[PDB]
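Peer 1: Sharing a structure below in structure tokens format, with a few things to ask.
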Amino acid sequence: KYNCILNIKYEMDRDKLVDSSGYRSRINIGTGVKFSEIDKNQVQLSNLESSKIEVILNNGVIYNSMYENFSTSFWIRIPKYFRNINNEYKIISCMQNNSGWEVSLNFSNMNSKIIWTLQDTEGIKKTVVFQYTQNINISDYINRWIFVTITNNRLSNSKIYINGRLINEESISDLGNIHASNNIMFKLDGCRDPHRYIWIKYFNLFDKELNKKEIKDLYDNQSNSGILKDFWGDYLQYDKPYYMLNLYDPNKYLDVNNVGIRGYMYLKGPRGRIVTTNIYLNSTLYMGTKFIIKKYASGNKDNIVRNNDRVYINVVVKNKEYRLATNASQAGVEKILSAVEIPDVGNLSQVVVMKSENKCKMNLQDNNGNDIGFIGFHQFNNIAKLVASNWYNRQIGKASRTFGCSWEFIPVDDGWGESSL
Ligand SMILES: [Cl-]
Ligand SMILES: [Cl-]
């Protein structure tokens with residue numbers, strides 16, 4: 088759909104990235120490309136000569152035009168910058184004889200930038216920029232998967248959409264003929280920092296200007312909404328430790344008062360800060376008590392957490408794992424949660440239904456499969472204790488805001504460095 092003229096997608100039969108658009112453009116993958124073992128569409132391009140992908144376009148879809156509209160879309164994940172770049176570097180190039188289109192990255196004045204450049208055969212350039220600050224407590228963008236869509240209307244504007252939403256437009260109507268290349272080079276080109284890399288997936292080209300609705304539907308269809316995601320946007324997994332971010336108070340972190348059914352877990356603050364003047368100023372994410380999601384009812388062989396999976400939650404306390412559990416017979420709607428010894432869980436409630444996209448992800452069950460409530464928090468004499476509460480289940484269908492039950496799961500990731508765990 089959408090006049091797609093290139094659709095880079097992993098194919099099991101040939102066991103490689105191929106063009107699935109129907110035009111059979113050849114995809115040459117360098118030896119220095121790395122792939123995710125969990126999602127084989129995710130590819131990592133590092134700052135090495137062999138870490139490159141080259142597309143040899145079907146000769147009928149090469150762009151050589153003054154008036155034809157075209158669009159591109161892709162997902163990208165860019166590590167946090169710890170050093171000034173001021174050093175714009177290419178990542179996706181379709182240029183010949185100084186004409187064509189190009190995606191480049193830069194980091195300047197605490198802003199990470201994604202730059203779209205068009206250049207016509209008279210040498211006239213137009214650029215459109217998406218940028219985001221590194222001076223921010225918790226970013227929607229730093230080191231997290233971003234869905235990018237760039238549309239080009241030769242009569243008027245080039246537009247950048249980010250996660251399905253128009254965020255910038257620049258006039259391109261004065262550009263003349265644009266004669267782009269026979270091939271597309273995916274490769275960090277001109278980057279002076281040897282540690283830089285990117286992750287990318289699902290690169291597409293379209294020979295029209297996509298509209299708002301097509302882009303939102305593209306964002307949704309490529310989102311894999313049946314699979315829960317961690318904070319970085321990767322697949323949520325079993326047997327993987329996660330730090331917990333509560334979106335209703337993000338400046339707090341999780342702690343355990345004591346283990347055992349008489350103890351409780353609670354949110355304390357403030358979150359720390361990781362700071363270097365004129366480079367970054369962020370809240371620390373690798374803090375507090377870790378959760379590990381454990382398989383219960385799911386029979387899938389793989390370690391991917393899916394919508395409506397029934398799981399156990401283990402809690403890590405001084406390098407030892409306990410079970411998140413509660414006695415559903417305690418008084419009140421709010422059931423205070425405990426970290427109990429795994430052999431001693433007995434008949435305490437412990438089964439959690441995981442829910443993908445609000446963002447309330449954990450619905451605790453009793454052993455009749457009845458809802459005890461989403462896991463959130465509640466104030467008990469100025470202590471914000473962790474609770475399962477059916478108040479959430481009655482409420483999150485009424486409004487569309489953040490609730491105390493809205494969480495993100497944060498694993499340690501190479502693209503986000505901190506001193507303390
Ligand atoms: Cl169009
Ligand atoms: Cl999710």
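Position one of the sequence shown corresponds to residue 88 (my numbering), numbered consecutively onward.
Even for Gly, the Cβ is constructed at its ideal location relative to N, Cα and C.
1) Find out if the Cβ-Cβ distance for the pair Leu334, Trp162 is shorter than 8 Å.
2) Collect the residues with a C-beta less than 6 Å away from any heavy atom of ligand 1 and give them in sequence order along the chain.
3) Starting from the Cα of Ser195, find the closest Cα among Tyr219, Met182 and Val403 and give me that residue.
4) Helix or strand or just coil, what does DSSP make of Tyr479?
5) Which residue spans inside the stretch 200-251 form an unbroken beta strand (DSSP E) run of at least 3?
6) Could you check how far apart the C-beta atoms of residue 514 and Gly313 are, in whole angstroms? I think they sit under 8 Å.
7) Assign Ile92 to one of two classes, buried (16 or more other C-beta atoms within 10 Å of its C-beta) or exposed (fewer than that).
8) For ligand 2, I want to know if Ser108 counts as a neighbour, meaning its beta carbon is within less than 7 Å of at least one of the ligand's heavy atoms.
9) When we look at the beta-carbon of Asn387 and count the other beta-carbons within 10 Å, is it buried (16 or more) or exposed?
10) Quick check: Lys299 and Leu253, are their CB atoms within less than 8 Å of each other?
11) Here's the rule: buried if 16 or more other CB atoms are within 10 angstroms of the residue's CB, otherwise exposed. What is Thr364?
12) According to DSSP, what are the bridge partners of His465?
13) Mind checking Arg113: buried by the 16 CB within 10 Å criterion, or exposed?
14) Are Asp294 and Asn90 closer than 8 Å when you measure CB to CB?
15) Under 7 Å from any heavy atom of ligand 2, does the C-beta of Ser385 make it?
16) Nearer than 7 Å: is that true of the beta carbon of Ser443 relative to any heavy atom of ligand 2?
17) Please say whether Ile423 and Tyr409 have beta carbons closer to each other than 8 Å?
18) Can you tell me the Cβ-Cβ gap for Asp342 and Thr376, rounded? I've got them flagged as a contact below 8 Å.
19) Going by CA-CA distance only, name the one from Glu301, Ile302, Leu135 and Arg397 that's closest to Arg279.
20) Going by CA-CA distance only, name the one from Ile348, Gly419, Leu315 and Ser138 that's closest to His465.
21) Answer yes or no: the CB of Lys103 versus the heavy atoms of ligand 2, is any distance below 7 Å?
22) Under a three-way DSSP split, which group does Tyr306 fall into?
23) Taking the straight line between their C-alpha atoms, what separation do you get for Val403 and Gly460?
24) Could you tell me whether any non-hydrogen atom of ligand 2 is closer than 7 Å to the CB of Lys316?
25) On the premise that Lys103 lies in contact with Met272, defined as a C-beta separation below 8 Å, what is that separation, rounded to the nearest angstrom?
26) Taking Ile211 as the reference, which of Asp261, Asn230 and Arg241 has the closest Cα?
27) Report the option in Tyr154, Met197, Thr159 and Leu435 whose CA atom is closest to the CA atom of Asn173.
28) First and last residue of the beta strand (DSSP E) that includes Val432?
29) Which residue wins for smallest C-alpha separation from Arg358, given the options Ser370, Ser226 and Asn406?
30) Helix, strand or coil: which one does DSSP assign to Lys405?
31) Can you pull the DSSP bridge partners for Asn198?
32) Three Cβ pairs or more, each shorter than 8 Å: is that satisfied between the stretch 485-492 and the stretch 435-451?
33) Inspect the beta-carbon positions of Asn345 and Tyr353 and report whether they are closer than 8 Å.
34) In whole angstroms, what is the alpha-carbon distance linking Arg101 and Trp503?
35) Taking the straight line between their C-alpha atoms, what separation do you get for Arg360 and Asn469?
36) Hey, is the stretch 150-169 in contact with the stretch 232-248, meaning 3+ C-beta pairs nearer than 8 Å?
Peer 2: Result, derived from the coordinates:
1) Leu334 is not a Cβ neighbour of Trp162, given a cutoff of 8 Å.
2) Qualifying residues, in the order they occur: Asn156, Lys295 and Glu296.
3) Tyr219
4) helix
5) 212-220, 233-239 and 244-249
6) Outside the shown range of the chain, which is 88 to 508, sits residue 514, and nothing can be said about it.
7) buried
8) Not so, every heavy atom of ligand 2 lies at least 7 Å from the Cβ.
9) exposed
10) yes
11) exposed
12) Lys472
13) exposed
14) yes
15) no
16) yes
17) no
18) 6 Å
19) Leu135
20) With respect to the C-alpha of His465, the residue from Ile348, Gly419, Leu315 and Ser138 having the closest C-alpha is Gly419.
21) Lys103 Cβ: outside cutoff for every heavy atom of ligand 2.
22) helix
23) 22 Å
24) yes
25) Incorrect: roughly 18 Å between the Cβ atoms, too far for contact.
26) Checked all of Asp261, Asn230 and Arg241; the closest Cα to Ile211 is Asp261.
27) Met197
28) First-last for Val432: undefined, no H or E at that position.
29) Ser370
30) coil
31) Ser195 and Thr220
32) yes
33) no
34) Cα to Cα, the separation comes out at about 34 Å.
35) Going from the Cα of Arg360 to the Cα of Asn469 covers about 24 Å.
36) yes
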